[PDB]
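S.K.: Handing you this structure, nothing more for now.
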Protein chains: 2
Amino acid sequence: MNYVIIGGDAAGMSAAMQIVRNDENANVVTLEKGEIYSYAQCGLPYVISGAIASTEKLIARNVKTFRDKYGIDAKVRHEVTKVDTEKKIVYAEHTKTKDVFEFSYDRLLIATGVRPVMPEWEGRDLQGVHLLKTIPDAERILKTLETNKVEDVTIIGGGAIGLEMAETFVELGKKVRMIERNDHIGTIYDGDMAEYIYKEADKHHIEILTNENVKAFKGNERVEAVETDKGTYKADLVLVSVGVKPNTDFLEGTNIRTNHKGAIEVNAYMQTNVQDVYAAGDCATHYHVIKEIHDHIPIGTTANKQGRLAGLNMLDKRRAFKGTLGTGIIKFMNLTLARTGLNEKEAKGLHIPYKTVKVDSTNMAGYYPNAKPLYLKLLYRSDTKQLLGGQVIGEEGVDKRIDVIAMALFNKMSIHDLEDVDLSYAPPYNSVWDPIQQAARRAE
Amino acid sequence: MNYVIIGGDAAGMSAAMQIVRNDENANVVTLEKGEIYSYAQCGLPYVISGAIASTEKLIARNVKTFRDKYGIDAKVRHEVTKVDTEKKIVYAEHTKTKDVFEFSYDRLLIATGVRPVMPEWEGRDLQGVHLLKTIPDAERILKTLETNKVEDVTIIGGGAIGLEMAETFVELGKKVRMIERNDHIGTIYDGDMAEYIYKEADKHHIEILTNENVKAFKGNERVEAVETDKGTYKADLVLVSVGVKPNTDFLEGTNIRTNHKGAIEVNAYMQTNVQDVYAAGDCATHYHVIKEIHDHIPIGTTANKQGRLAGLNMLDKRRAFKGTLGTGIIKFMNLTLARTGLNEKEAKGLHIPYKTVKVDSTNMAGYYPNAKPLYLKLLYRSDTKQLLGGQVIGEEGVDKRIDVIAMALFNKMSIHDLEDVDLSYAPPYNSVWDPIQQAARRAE
Ligand SMILES: Cc1cc2nc3c(=O)[nH]c(=O)nc-3n(C[C@H](O)[C@H](O)[C@H](O)COP(=O)(O)OP(=O)(O)OC[C@H]3O[C@@H](n4cnc5c(N)ncnc54)[C@H](O)[C@@H]3O)c2cc1C
Ligand SMILES: Cc1cc2nc3c(=O)[nH]c(=O)nc-3n(C[C@H](O)[C@H](O)[C@H](O)COP(=O)(O)OP(=O)(O)OC[C@H]3O[C@@H](n4cnc5c(N)ncnc54)[C@H](O)[C@@H]3O)c2cc1C
Ligand SMILES: CC(C)(COP(=O)(O)OP(=O)(O)OC[C@H]1O[C@@H](n2cnc3c(N)ncnc32)[C@H](O)[C@@H]1OP(=O)(O)O)[C@@H](O)C(=O)NCCC(=O)NCCS
Ligand SMILES: CC(C)(COP(=O)(O)OP(=O)(O)OC[C@H]1O[C@@H](n2cnc3c(N)ncnc32)[C@H](O)[C@@H]1OP(=O)(O)O)[C@@H](O)C(=O)NCCC(=O)NCCS
Ligand SMILES: NC(=O)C1=CN([C@@H]2O[C@H](COP(=O)(O)OP(=O)(O)OC[C@H]3O[C@@H](n4cnc5c(N)ncnc54)[C@H](OP(=O)(O)O)[C@@H]3O)[C@@H](O)[C@H]2O)C=CC1
Ligand SMILES: NC(=O)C1=CN([C@@H]2O[C@H](COP(=O)(O)OP(=O)(O)OC[C@H]3O[C@@H](n4cnc5c(N)ncnc54)[C@H](OP(=O)(O)O)[C@@H]3O)[C@@H](O)[C@H]2O)C=CC1
């Protein structure tokens with residue numbers, strides 16, 4: 001009867017909705033550290049660009065709706081500081097009054113997600129230096145753009161947020177610099193595919209600095225320059241975009257197993273090693289369909305899927321999580337960047353014998369007007385020909401191809417089986433053989 | 001050593017390429033009735049609209065290449081009138097000189113496709129009455145549009161060609177009427193999905209006449225009117241697009257088995273019941289993955305796949321055709337119309353117990369600008385929940401959804417298994433749950 005959920009977003013509320021719909025008698029307490037429930041973090045870069053009117057448009061479901069319509073005891077400003085798994089008590093500190101509140105549970109879900117990482121650089125706390133995770137985070141970025149005269153913008157880290165925010169700031173008309181400590185931006189992509197990302201960024205006059213290490217942020221009350229090991233550069237706004245960390249530190253003292261990055265280990269049923277404690281979303285581990293191992297690939301699709309499943313399993317409606325494929329898709333200027341399954345570094349690290357096929361193709365019939373280039377790469381096992389992963393880059397029809405590849409990986413298809421699938425063709429949408437099929441035909 | 005192929009397009013030449021690549025000692029003779037090899041029939045409507053420069057842009061590989069580069073004895077203007085399967089001789093008539101040539105085979109492939117049907121209406125031979133199949137057919141339509149004052153166009157038959165050519169004629173600024181003997185245009189769609197087709201046509205001022213039967217075409221030399229059982233209407237150009245018939249009449253007297261419509265029955269290996277005689281493409285039957293019987297769904301994707309497989313099997317590189325799903329996609333004005341697997345009429349005619357789910361959704365995140373409506377319907381087995389079919393209609397993202405559904409059907413997935421697939425999400429491409437997955441969740 002007593003369900004407690006820590007975290008009031010994708011994984012947490014997906015679980016809450018399951019419990020509420022499938023048990024009329026349940027007492028559901030959800031504990032949220034912030035003031036905002038069920039909101040779309042994915043839309044934040046597009047609010048900051050001005051493409052979306054305001055952050056209000058990103059709220060999927062109000063806390064008032066959760067309380068009045070679904071009878072969930074949804075708490076805001078309740079930060080969980082510790083859990084006693086023997087007594088089955090959750091301790092939450094009110095973020096403003098600092099008052100401490102106890103919540104006894106029969107079953108507990110941890111759905112605290114991840115937080116962005118800020119390294120211990122000098123200048124960390126300078127005005128105009130920003131992380132991006134929450135709605136207040138985006139408002140603070142908008143506040144800087146509103147009050148300051150922003151011309152030069154520097155982004156540290158060339159992963160998912162870095163890439164999307166590089167677009168956002170270019171669209172806002174700023175001079176954009178990206179600094180990455182690795183060999184290239186779009187680190188999940190293989191060296192060969194990443195060249196297309198670099199080209200697109202260069203095309204829009206984004207300065208890319210690679211194998212370069214941030215030293216400090218210099219400035220007065222506010223950030224003025226980013227210092228690195230190779231130079232000092234003017235920056236009116238700095239976005240720090242260097243990765244994330246599971247919000248699981250408050251579990252120190254429990255016997256709850258975590259991986260090396262602090263992600264909570266879960267079995268097929270979203271259960272931790274501690275009786276009646278569950279975890280879901282970005283704070284938990286994610287079984288990988290292809291790796292056959294628990295990975296950590298924090299993403300919104302997986303968070304919702306895991307949250308829904310945790311809720312179901314907490315009700316003893318037993319259902320296994322089938323896993324992640326590491327699917328990811330990004331809009332980057334005029335390019336769509338998509339990947340799923342293993343890249344070459346992942347396959348190598350696993351000692352899986354693999355081969356690759358790469359095709360420079362078009363999204364649709366070559367003779368049809370405004371047919372655009374499509375670059376597609378597949379990895380497959382050299383012995384069994386099992387499809388392992390894909391990377392697709394292009395202006396159009398990239399999401400379609402990565403979704404088809406994802407379906408193939410999910411069903412453990414051989415690369416040559418792709419040739420036999422009755423995919424759709426008309427001139428405005430595809431070629432008579434899809435690029436995926438033409439790649440498959442090239443495979444050994 | 002002696003391979004003979006009848007028909008020089010998609011299925012025939014896919015076969016020819018396989019044989020030539022996988023047997024240097026092969027003597028490949030291909031016999032084509034017309035003057036044009038390997039061309040894209042799919043691009044015909046877009047040549048007529050003027051979207052594509054000319055019909056020359058539709059040739060994939062010309063006869064000179066086949067002859068010079070690949071060593072295929074590719075014959076033009078050779079119409080096969082008879083096959084003696086006992087003596088293993090193909091008899092062909094030169095279409096100009098009418099002289100008779102014979103060709104000895106070790107293995108034979110029939111790849112003669114289908115022809116458009118012209119019912120025996122009075123005035124069917126009038127100038128301005130057109131069928132659409134070949135490049136010359138398209139040039140004859142362009143001849144009428146050029147040399148004659150065309151303002152009113154009547155299309156008979158509301159299927160694939162009728163729908164695409166309605167767009168073409170509207171885009172050319174004509175007053176378009178289409179006449180269907182059935183209850184609605186886009187007959188393969190269920191009644192409820194067909195409503196979206198009617199709305200789009202109505203929006204663009206296409207007169208749709210339903211349950212109406214053409215009886216004659218009126219005029220002196222040219223058409224000036226179409227007579228029906230419900231009236232007589234002015235028409236300066238008439239397109240007859242009422243279906244197709246397999247080009248298999250010349251086989252009467254061979255023992256080669258055909259279905260009721262005249263399509264050549266083939267086994268898994270593209271083999272007929274007659275030793276060393278093969279068939280592929282639109283002239284052949286198509287094993288249906290879901291129906292589990294041999295169907296006839298003539299389409300370019302299937303023709304290439306079967307052509308390729310016939311070539312391979314004629315070399316004794318044994319490989320089974322896995323089947324068709326009945327996948328089809330059509331651009332219709334502002335709409336994209338896609339279907340795959342079973343519709344309700346098919347499921348009913350097969351006595352497969354089924355249920356449906358229909359979702360009115362968006363192609364991408366609802367909060368993202370220019371998110372467009374997406375209408376999606378799934379059929380699934382009542383007992384096992386096996387996915388059976390899908391229909392998707394919308395302005396954007398329809399091809400992606402039907403390809404995912406096709407992949408699911410190919411792998412015999414349960415409808416609820418769709419919930420577990422790590423499909424891609426970013427706001428410009430999808431919602432955090434894809435519409436297919438939301439539909440799947442609604443299923444019983
Ligand atoms: C800029 C940006 C763009 C993104 N774009 C995409 C995209 O395009 N596609 C996609 O699939 N994903 C995207 N994501 C990722 C996606 O938004 C997240 O993976 C998803 O929100 C994770 O859901 P969750 O419920 O596990 O964690 P969260 O959504 O982070 O929810 C965790 C909640 O727990 C609360 N919490 C933390 N600690 C405590 C505590 N001690 N006590 C009480 N409450 C606590 C937090 O306040 C937070 O609200 C994006 C993320 C960002 C930041
Ligand atoms: C307007 C139009 C649009 C289309 N759009 C699409 C689409 O968007 N997507 C899609 O997948 N499909 C589409 N198709 C269908 C696709 O083009 C065909 O299914 C494909 O061409 C079939 O290939 P085939 O080799 O079996 O038959 P065909 O391409 O018709 O080839 C048969 C050949 O055999 C020859 N022949 C016939 N009889 C004899 C004989 N007795 N002796 C010698 N030669 C003979 C014919 O001249 C012909 O060249 C479209 C078709 C049309 C007409
Ligand atoms: C044009 C046509 C002859 C193509 O034949 P095809 O065999 O499919 O294509 P190609 O001859 O280019 O050869 C492709 C093969 O070469 C291989 N290949 C192509 N480029 C390669 C490369 N760069 N490196 C390695 N291999 C390559 C492919 O793997 C493929 O191998 P497979 O045949 O063993 O699977 C045939 O499709 C046709 O006649 N079509 C008519 C037009 C049409 O399709 N109409 C219907 C439209 S609706
Ligand atoms: C908003 C949120 C609470 C949605 O919860 P949800 O349970 O997925 O969705 P709903 O509460 O609308 O309920 C959906 C259920 O109702 C059913 N349903 C919905 N509409 C229906 C209809 N018209 N007819 C019949 N059934 C319907 C569905 O079948 C589904 O059933 P299931 O849960 O048993 O599979 C949750 O996703 C969330 O908190 N999200 C945060 C925002 C987010 O997604 N962020 C990450 C972005 S990267
Ligand atoms: N469309 C989508 O799928 C989107 C998803 N997201 C979500 O947000 C999460 C986090 O995004 P993000 O913050 O970009 O994290 P990412 O891991 O995606 O990117 C961080 C990048 O910064 C690099 N980096 C680390 N330290 C430094 C440093 N000191 N100097 C320069 N570069 C450094 C990392 O390299 P290294 O490997 O060496 O650490 C990595 O390449 C994602 O996992 C995803 O869940 C966000 C936006 C869009
Ligand atoms: N994008 C794509 O997938 C495209 C594919 N094609 C290919 O071309 C082939 C043939 O297309 P098409 O010619 O349109 O054939 P279709 O079967 O697609 O459509 C013909 C329609 O005309 C109807 N009809 C039959 N007789 C009459 C009549 N006397 N009066 C009015 N309507 C009548 C048929 O109904 P009924 O069922 O009762 O006979 C049917 O609805 C397709 O099978 C496909 O292979 C062509 C264009 C686009």
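Here's how to read the names in the structure tokens: chain A, B, ... by the order shown, residue numbers from 1 in each chain, ligand numbers from 1 in the order shown.
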Please find the residues of chain B near chain A - the criterion being any atom within 6 Å, counting only C-alpha atoms - and write them as a ChimeraX atom specification.

M.R.: /B:301,324-325,327-329,400,403-404,422-424,432

S.K.: Could you find all residues in region 143-186 of chain B that DSSP calls helix (DSSP H, G or I) from the backbone, and write them as a list in words?

M.R.: residues 143, 144, 145, 146, 147, 160, 161, 162, 163, 164, 165, 166, 167, 168, 169, 170 and 171 of chain B

S.K.: With only C-alpha atoms as the atoms that count, which of B:290, B:352, B:309, B:239 lies nearest to residue 118 (chain B)?

M.R.: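 Result for the nearest residue to residue 118 (chain B): B:239.
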
S.K.: Going by DSSP on the backbone, which bits of region 169-351 of chain A are strand (DSSP E or B)? Write them as number ranges by chain, please.

M.R.: A: 175-179, 207-209, 214-219, 222-228, 232-234, 237-240, 244-246, 252, 254, 258, 264, 271, 277-279, 284, 286-288, 294-295, 324, 328-332, 335-341

S.K.: Give me the chain A side of the contact with ligand 3, cut-off 7 Å, one line per residue showing its nearest atom pair and distance in Å at one decimal, counting only C-alpha atoms and all ligand atoms, sorted by chain and residue number, as CSV.

M.R.:
residue,atom,partner,partner_atom_place_in_ligand_line,distance
A:432,CA,ligand 3,47 (C),5.9
A:438,CA,ligand 3,29 (O),6.5
A:441,CA,ligand 3,29 (O),4.2
A:442,CA,ligand 3,29 (O),3.6

S.K.: Hey, which bits of chain A sit within 7 Å of ligand 5, and for each residue what's the closest pair of atoms and how far apart in Å (one decimal), counting only C-alpha atoms and all ligand atoms, rows by chain and increasing number, as a tab-separated table?

M.R.:
residue	atom	partner	partner_atom_place_in_ligand_line	distance
A:42	CA	ligand 5	48 (C)	6.5
A:116	CA	ligand 5	13 (O)	6.1
A:156	CA	ligand 5	31 (C)	5.1
A:157	CA	ligand 5	22 (O)	3.4
A:158	CA	ligand 5	21 (C)	4.9
A:159	CA	ligand 5	19 (O)	3.3
A:160	CA	ligand 5	14 (O)	3.9
A:161	CA	ligand 5	14 (O)	3.9
A:162	CA	ligand 5	14 (O)	5.4
A:164	CA	ligand 5	48 (C)	6.4
A:179	CA	ligand 5	31 (C)	5.6
A:180	CA	ligand 5	31 (C)	3.9
A:181	CA	ligand 5	31 (C)	4.2
A:182	CA	ligand 5	38 (O)	6.1
A:185	CA	ligand 5	41 (O)	6.7
A:186	CA	ligand 5	41 (O)	6.7
A:187	CA	ligand 5	41 (O)	5.1
A:213	CA	ligand 5	30 (N)	5.4
A:214	CA	ligand 5	30 (N)	5.8
A:241	CA	ligand 5	13 (O)	4.2
A:242	CA	ligand 5	22 (O)	3.5
A:243	CA	ligand 5	15 (O)	3.3
A:244	CA	ligand 5	10 (C)	5.3
A:297	CA	ligand 5	43 (O)	6.2
A:298	CA	ligand 5	45 (O)	4.3
A:299	CA	ligand 5	45 (O)	4.1
A:300	CA	ligand 5	45 (O)	6.9
A:328	CA	ligand 5	3 (O)	4.7
A:329	CA	ligand 5	1 (N)	5.1
A:330	CA	ligand 5	1 (N)	4.4

S.K.: What gap, in Å, lies between atom 9 (N, counted along the ligand's line) of ligand 1 and CA of residue 226 (chain A)?

M.R.: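 About the pair atom 9 (N, counted along the ligand's line) of ligand 1 and CA of residue 226 (chain A): they are 29.1 Å apart.
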
S.K.: Expressed in Å to a single decimal, how great is the separation between CA of residue 76 (chain B) and atom 19 (O, counted along the ligand's line) of ligand 6?

M.R.: 29.4 Å

S.K.: Output as a tab-separated table one row per residue of chain A within 6 Å of ligand 1: the closest atom pair and its distance in Å to one decimal place, counting only C-alpha atoms and all ligand atoms, sorted by chain and residue number ascending.

M.R.:
residue	atom	partner	partner_atom_place_in_ligand_line	distance
A:6	CA	ligand 1	43 (C)	5.1
A:7	CA	ligand 1	34 (O)	3.3
A:8	CA	ligand 1	33 (C)	5.2
A:9	CA	ligand 1	25 (O)	4.3
A:10	CA	ligand 1	25 (O)	3.6
A:11	CA	ligand 1	25 (O)	3.7
A:12	CA	ligand 1	25 (O)	5.5
A:31	CA	ligand 1	43 (C)	5.1
A:32	CA	ligand 1	44 (N)	4.0
A:33	CA	ligand 1	44 (N)	3.9
A:34	CA	ligand 1	47 (O)	4.9
A:41	CA	ligand 1	17 (O)	4.2
A:42	CA	ligand 1	5 (N)	3.3
A:44	CA	ligand 1	1 (C)	5.5
A:45	CA	ligand 1	1 (C)	5.8
A:78	CA	ligand 1	43 (C)	5.7
A:79	CA	ligand 1	42 (N)	3.8
A:80	CA	ligand 1	42 (N)	3.9
A:81	CA	ligand 1	41 (N)	5.9
A:111	CA	ligand 1	26 (O)	5.5
A:112	CA	ligand 1	34 (O)	3.5
A:113	CA	ligand 1	27 (O)	3.4
A:114	CA	ligand 1	30 (O)	5.4
A:132	CA	ligand 1	53 (C)	5.7
A:133	CA	ligand 1	53 (C)	4.0
A:161	CA	ligand 1	1 (C)	5.6
A:247	CA	ligand 1	38 (N)	5.3
A:281	CA	ligand 1	26 (O)	3.4
A:282	CA	ligand 1	26 (O)	4.0
A:298	CA	ligand 1	19 (O)	5.1
A:299	CA	ligand 1	19 (O)	3.4
A:300	CA	ligand 1	11 (O)	3.6
A:301	CA	ligand 1	11 (O)	4.7
A:303	CA	ligand 1	26 (O)	4.8

S.K.: I need the chosen residues saved as an mmCIF file, in the first residue's frame, with C-alpha atoms.

M.R.:
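Printed below is part.cif as written:
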data_model
loop_
_atom_site.group_PDB
_atom_site.id
_atom_site.type_symbol
_atom_site.label_atom_id
_atom_site.label_comp_id
_atom_site.auth_asym_id
_atom_site.auth_seq_id
_atom_site.Cartn_x
_atom_site.Cartn_y
_atom_site.Cartn_z
ATOM 1 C CA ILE A 6 12.222 9.575 -5.247
ATOM 2 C CA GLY A 7 12.291 11.842 -8.305
ATOM 3 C CA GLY A 8 9.340 13.465 -10.048
ATOM 4 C CA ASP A 9 10.178 13.260 -13.742
ATOM 5 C CA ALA A 10 10.325 10.664 -16.531
ATOM 6 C CA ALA A 11 11.129 7.441 -14.649
ATOM 7 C CA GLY A 12 9.465 8.445 -11.364
ATOM 8 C CA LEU A 31 9.518 13.208 -3.513
ATOM 9 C CA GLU A 32 10.897 15.875 -5.819
ATOM 10 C CA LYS A 33 13.848 18.068 -4.867
ATOM 11 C CA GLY A 34 12.842 20.820 -7.321
ATOM 12 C CA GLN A 41 14.475 18.257 -20.735
ATOM 13 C CA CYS A 42 14.762 17.480 -24.464
ATOM 14 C CA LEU A 44 15.390 23.046 -23.368
ATOM 15 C CA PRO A 45 17.884 23.796 -26.188
ATOM 16 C CA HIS A 78 11.690 17.577 -0.772
ATOM 17 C CA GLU A 79 15.301 16.505 -1.077
ATOM 18 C CA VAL A 80 15.979 12.947 0.073
ATOM 19 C CA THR A 81 19.122 12.920 2.214
ATOM 20 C CA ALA A 111 14.378 7.621 -9.929
ATOM 21 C CA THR A 112 16.760 10.518 -9.178
ATOM 22 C CA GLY A 113 18.333 10.690 -12.660
ATOM 23 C CA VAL A 114 21.741 12.240 -13.349
ATOM 24 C CA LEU A 132 22.125 22.597 -18.700
ATOM 25 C CA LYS A 133 19.770 20.109 -17.086
ATOM 26 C CA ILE A 161 24.335 18.782 -25.178
ATOM 27 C CA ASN A 247 22.235 11.359 -8.312
ATOM 28 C CA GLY A 281 15.952 5.764 -15.404
ATOM 29 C CA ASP A 282 19.233 7.664 -15.618
ATOM 30 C CA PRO A 298 21.057 7.642 -19.656
ATOM 31 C CA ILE A 299 18.306 8.673 -22.105
ATOM 32 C CA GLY A 300 14.622 9.710 -21.963
ATOM 33 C CA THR A 301 13.188 6.790 -23.956
ATOM 34 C CA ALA A 303 13.904 6.297 -18.560
#
